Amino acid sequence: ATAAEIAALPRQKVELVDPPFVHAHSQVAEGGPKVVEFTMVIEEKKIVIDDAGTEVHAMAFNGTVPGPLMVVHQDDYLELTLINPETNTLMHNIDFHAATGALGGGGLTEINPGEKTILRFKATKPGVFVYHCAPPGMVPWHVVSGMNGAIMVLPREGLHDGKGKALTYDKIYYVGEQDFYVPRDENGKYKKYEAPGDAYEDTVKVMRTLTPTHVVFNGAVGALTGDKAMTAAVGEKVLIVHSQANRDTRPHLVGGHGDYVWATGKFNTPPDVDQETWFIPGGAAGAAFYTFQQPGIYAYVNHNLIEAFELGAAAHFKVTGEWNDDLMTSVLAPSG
């Protein structure tokens, strides 16, 4: 397309929403290609990641960890206005794994505190993709400080299974998984720092052990539980997008399955089916489609159970509806 043709395309400004929710969109594209506009302000901010009060100096796109899910359709253009407020202290940028050129956009979006930039790229490939900050020489530190999220590039005709049958979800959730490396003192207690820079040296030492102290969903142990548990109903079709920008994960819906899973996150790659536990490598996003069949509470976890239950990688789903005794029944309840 020529600059003239792109300039003639319609523009649509989208208001982002905080994970695990996803901004309104249509699965099947409405009309032809458009330039979809998003705006995100970067906030370096202290966040608490567990019940003990452990703090992390997060580097957050749009103020959240993970950053929000941006949704467009194949061949649409995503135009991001990225702002680094003067209140921040570090330079930041953004690398869209969905984009082509200049290190995912990283080479064209380096902004110091007090600056902004607008990047536009054509979303030529359909799938879910990670996006993350990557300042030369300080790449992993920004990413494991929570500066990452994902986008979804839907095929213009929506999702289909491996044989061409349409797959239409009733609702979608975006689960961003984050590995944190928090320094500890001599008593094994997590340390707190005044400014982000103060924690750098101590944090890199922990990062080098390749052993996170916390592995969480939506920025904190238990973030997606209780009144923040995800919800569904028997018969409801749910797409769960999951990302991990730095480390491998293996999602599992306890009590359910992944009916169709684009484990690589790419929609032109046929989805695996009837999955118990799928695998998403560090640096990628994946998506699982499931139709709930039983009511009750479900856990959704990274299936290295130590990471799930000791480190924080566990969420819950509350599901309404009628119990199905054909699928499962307690013939004899626990008894002597």
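Numbers follow the displayed sequence, beginning with 1.
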For the higher mean C-alpha B factor in the entry, choose 232-240 or 182-190.
182-190
Between 172-180 and 116-124, which has the larger average Cα B-factor in the PDB entry?
116-124
Report the option among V215, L159, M147, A150 whose CA atom has the maximum B-factor in the deposited record.
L159
Considering only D272, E307, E30, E276, which residue's Cα atom bears the greatest B-factor as recorded?
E30
What third of the chain does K13 rank in for C-alpha temperature factor, lowest, middle or highest?
highest
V72: which third of its chain by C-alpha temperature factor?
middle
CA B-factor ranking of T264, expressed as a third of its chain:
middle
Cα B factor band for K163 (lowest, middle or highest third within the chain):
highest
Here the Cα B-factor of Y200, set against its chain, lands in the third termed highest
